[PDB]
Every structure is written in structure tokens, then in C-alpha cells.
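For reference, the structure discussed in these notes is given below.
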Number of protein chains: 2
Amino acid sequence: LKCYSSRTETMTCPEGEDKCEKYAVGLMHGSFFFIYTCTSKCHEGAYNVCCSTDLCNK
Amino acid sequence: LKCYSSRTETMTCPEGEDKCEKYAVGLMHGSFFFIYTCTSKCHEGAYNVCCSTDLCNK
Ligand SMILES: [Zn+2]
Ligand SMILES: [Zn+2]
């Protein structure tokens, strides 16, 4: 499985991490930033992206 | 297992994630910040922390 690991960067996930996710975190003063990663369990949230097809996390 | 999920919050990890980590993510122009999370596999990086005990990722 291949996932985005940032806005533009891409990697092959390590064993046991079968999902891509894209989730936002707070930065400062109401700004937010996206975190792109391979994972075994997706962070839950109302707008999180969680999927298992290549480069599906944006 | 329990980990920091940010600088000020903590959570009990979902079953299937038996590590805590703090790992570096780039922001802009050389600035960076840390992401705190449960994981099954730690992100590689010279500034990252990968551990297996309650709240160990700070
Ligand atoms: Zn400020
Ligand atoms: Zn700039």
C-alpha cells in the first residue's frame, strides 16, 4: 500500500499498517494543518480521511 | 496503553496500537512541530520518540 506522507511526499507503508489517513490538527490561533500518514488504526473524527487504496489520502 | 495525543491531551490507544510516539512534521521554511499519537509502527526520524509505556511520548 502507498500513501501520502505529506502534501506532496509519498511512501510505501510498513508491514501491519494497511491504511492511509489524512487528518487535520490545530496549529495556532484557529489555523489548522493536515497530517498524512500510513496507519493501522485511523484517527477518528467527523472529517478524517481513512482508506486502503494507493494514494487515497488526498 | 495511554499516550499523549497532543501537548495537552491524552487518550487510551485503540487495541492494535501498542506504542506511543512523538514525531516531527515539517511546517514551512524550516519550522516544524510534533505529532503525538498511538501507533503500531513508529515514524523514522532523528528527533522522534517511540515508546511502549503510559504517557511515555512526553
Ligand atoms: Zn500566538
Ligand atoms: Zn513561504
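In what follows, chains are A, B, ... by sequence order, proteins preceding strands, each numbered from 1. Every number for a ligand or one of its atoms is a count from 1 in the order of the listing. What you see below is based on every heavy atom in this structure, not just the backbone, and it leaves out hydrogens, waters and symmetry mates.
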By side-chain contact (heavy atoms from CB on, under 4.5 Å) - contacts of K2(B) (at least two apart): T12(B), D54(B), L55(B)
ILVMFWY cluster membership beyond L1(B) - transitive side-chain contacts under 4.5 angstrom: none
Sub-6.0 Å ring centroid separation between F34(A) and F32(A): no
Pairs where residues 24-37 of chain B contributes a residue and the test side chain to side chain donor-acceptor pair (under 3.5 Å) is met, not counting sequence neighbours: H43(A)-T37(B)
Heavy-atom side-chain proximity of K58(B) to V49(B) below 4.5 angstrom: no
Heteroatoms of the protein, restricted to N/O/S, which lie under 2.8 Å from the Zn ion (ligand 1): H29(A) NE2
Check SG atoms, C20(A) and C38(A), less than 2.5 Å apart: no
